[PDB]
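Take a look at the structure below.
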Amino acid sequence: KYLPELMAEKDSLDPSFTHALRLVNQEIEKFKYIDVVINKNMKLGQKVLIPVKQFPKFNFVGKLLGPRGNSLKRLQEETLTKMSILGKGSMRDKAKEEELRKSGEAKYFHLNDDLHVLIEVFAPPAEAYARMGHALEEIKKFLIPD
Amino acid sequence: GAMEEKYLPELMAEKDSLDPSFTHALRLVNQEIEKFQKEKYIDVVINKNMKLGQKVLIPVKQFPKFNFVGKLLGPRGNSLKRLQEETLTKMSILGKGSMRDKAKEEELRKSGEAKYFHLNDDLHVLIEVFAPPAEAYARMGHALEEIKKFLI
RNA sequence: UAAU
RNA sequence: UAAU
């Protein structure tokens with residue numbers, strides 16, 4: 001009974017209610033402890049603020065990515081993590097970025113957030129926490145100007 | 001944060017202009033406004049102490065009466081004290097099976113019911129670390145390696 | 001093996 | 001410096 005009401009609203013809501021539509025679709029689409037013997041891969045995620053407020057003119061994203069992205073790819077490979085630069089100011093063109101933000105797609109919803117690096121690890125527990133610790137130490141050398 | 005600068009006003013403007021016959025969308029917009037108006041992001045310039053906790057299952061079902069709790073603690077609890085000190089964690093044995101006497105162990109999360117609902121969950125070890133971020137993850141990984149030696 |  |  002409840003999902004058919006949600007779908008009627010999805011279909012009848014005016015497009016300009018981008019946030020309501022997102023919350024409705026999200027609600028529609030909705031239709032543990034670590035066991036150390038079998039030691040299965042677990043997901044760890046951690047967001048790290050880029051200190052833009054305190055360094056408003058430093059080019060953190062450009063330093064993080066490098067030419068053609070190669071600096072961030074090499075840092076990903078040598079830390080065995082995935083790193084995503086997300087949040088306000090994470091794109092090159094701020095006017096383009098703002099239009100994507102306004103589109104309401106979940107793919108661009110992170111643009112409402114503060115500029116951060118999302119570090120994600122998938123590994124057995126002891127190794128996942130170790131990897132994340134090493135990634136945090138290396139990522140400092142990029143986020144703190146010198 | 002950029003949420004309080006543009007997301008929240010936007011939510012607010014939608015809630016004010018939504019036709020209230022959309023009772024689900026209006027409900028969900030209102031709940032989302034509520035969620036935002038009431039921990040996750042590392043500030044790596046300040047690098048302040050951060051909390052990390054991880055619960056580690058004691059594998060009672062595969063090993064139904066190997067005495068894990070006894071091996072973890074040792075005499076007067078010294079072996080668990082060693083392990084916390086060497087890893088720089090706090091470690092708490094919790095779940096069902098945690099207390100020495102099974103009889104009362106049932107009654108304590110009947111009635112009273114303030115601090116003891118960890119006795120509705122499986123038996124497990126809670127590992128807690130408090131340290132700057134890179135060190136805190138490093139410490140948890142080390143405590144996870146060290147503690148395997150007690151769960152096999 | 002019974003700790004905080 | 002613009003990756004995913």
Side-chain angles (χ1 to χ4, degrees), chain A residues 43 45-48 50 52 55 57-97 100 105-111 113 115-122 135 138-139 141-143 145-146, chain B residues 53 55-56 58 60 63 65-105 108 115-116 118-119 123-130 143 146-147 149-151:
Chain A
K43 161 211 161 301
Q46 177 66 80
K47 297 184 276 182
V48 181
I50 292 184
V52 284
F55 305 98
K57 298 206 66 196
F58 189 80
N59 180 5
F60 290 100
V61 176
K63 170 96 172 289
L64 274 162
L65 291 169
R68 285 167 297 280
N70 289 340
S71 303
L72 190 72
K73 317 207 218 178
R74 168 176 321 104
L75 178 67
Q76 286 174 275
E77 295 162 6
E78 301 197 343
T79 52
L80 300 171
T81 61
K82 183 197 200 313
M83 304 178 159
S84 300
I85 305 177
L86 307 175
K88 173 205 232 314
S90 62
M91 293 172 178
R92 194 125 205 197
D93 180 317
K94 32 164 289 312
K96 290 192 186 315
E97 175 179 310
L100 300 168
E105 327 198 8
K107 157 165 104 187
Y108 298 127
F109 176 77
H110 69 87
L111 293 175
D113 198 355
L115 183 58
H116 60 287
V117 183
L118 171 74
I119 308 180
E120 290 179 279
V121 186
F122 190 60
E138 306 293 347
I139 194 82
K141 285 127 148 191
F142 291 90
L143 298 180
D146 267 275
Chain B
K55 297 63 55 204
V56 175
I58 279 159
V60 70
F63 314 95
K65 52 293 201 190
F66 188 82
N67 180 12
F68 286 100
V69 181
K71 186 174 182 196
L72 277 160
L73 290 162
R76 312 157 289 261
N78 290 123
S79 72
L80 188 69
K81 298 185 223 283
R82 259 68 185 85
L83 172 69
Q84 293 169 101
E85 181 154 49
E86 184 254 305
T87 56
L88 307 179
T89 61
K90 213 186 59 84
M91 289 180 168
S92 292
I93 311 180
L94 318 164
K96 281 39 87 190
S98 324
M99 296 175 176
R100 172 72 83 76
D101 178 272
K102 306 298 168 228
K104 265 301 194 185
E105 192 173 354
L108 306 80
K115 39 184 310 208
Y116 291 172
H118 76 83
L119 312 85
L123 175 70
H124 69 269
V125 188
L126 171 67
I127 303 174
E128 305 181 76
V129 52
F130 186 60
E146 283 296 292
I147 203 175
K149 304 164 180 173
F150 290 87
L151 291 323

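Letters go in sequence order (proteins before strands), and every chain restarts at 1.
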Over all strands shown, is [X] touching base, sugar-phosphate only, or nothing at heavy-atom distances under 4.0 angstrom?
X     : value
B/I93 : base
A/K82 : sugar-phosphate
B/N67 : base
B/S98 : base
B/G77 : sugar-phosphate

Roughly how many Å is it from [atom1] in [X] to [atom2] in [N], rounded to a whole number?
X      : N    : atom1 : atom2 : value
A/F60  : D/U1 : CZ    : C1'   : 15 Å
A/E97  : D/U4 : CD    : P     : 18 Å
B/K102 : C/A2 : NZ    : P     : 13 Å
B/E85  : C/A3 : CD    : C1'   : 14 Å
B/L108 : C/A2 : CG    : P     : 19 Å
B/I58  : C/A3 : CD1   : P     : 15 Å
B/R76  : C/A3 : CZ    : P     : 11 Å
A/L72  : D/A3 : CG    : P     : 11 Å

(request) Show the numbers, then the answer: is there a side chain to side chain contact (heavy atoms under 4.5 Å, CB included) between B/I58 and B/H124? (result) CA-CA 5 Å; B/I58 279 159; B/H124 69 269; 5.6 Å; no
(request) Determine the minimum heavy-atom distance between A/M91 and A/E97, stating which atoms define it. (result)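 That closest heavy-atom pairing would be N-OE1, 3.0 Å.
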(message) So which atom in B/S98 and which in B/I93 form the shortest heavy-atom distance, rounded to 0.1 Å?
(response)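 So the two residues come closest at CB-O, 3.7 Å.
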(message) Let's see if you can work this out: which of D/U4, D/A2, C/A3 has an atom nearest to the side-chain heavy atoms of A/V61?
(response)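 The closest nucleotide is D/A2.
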(request) Select one nucleotide: of D/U1, C/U4, D/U4, the one nearest the side-chain heavy atoms of A/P67. (result)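 So the nucleotide nearest the side chain must be D/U1.
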(request) Answer yes or no: is there an ion pair linking A/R74 with A/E77, defined by an N-O contact shorter than 4.0 Å? (result)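 Result for this pair is no, no salt bridge flagged.
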(request) Select from B/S92 and B/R100 the residue whose nearest nucleotide in RNA chain C is closer to the 5' end of that strand. (result)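 The 5'-side residue here is B/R100.
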(message) Less than 3.5 Å apart, any donor N or O on the side chain of B/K81 or B/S79 sitting next to an acceptor on the other?
(response)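 Not at all, the side chains of B/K81 and B/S79 share no donor-acceptor pair under 3.5 Å.
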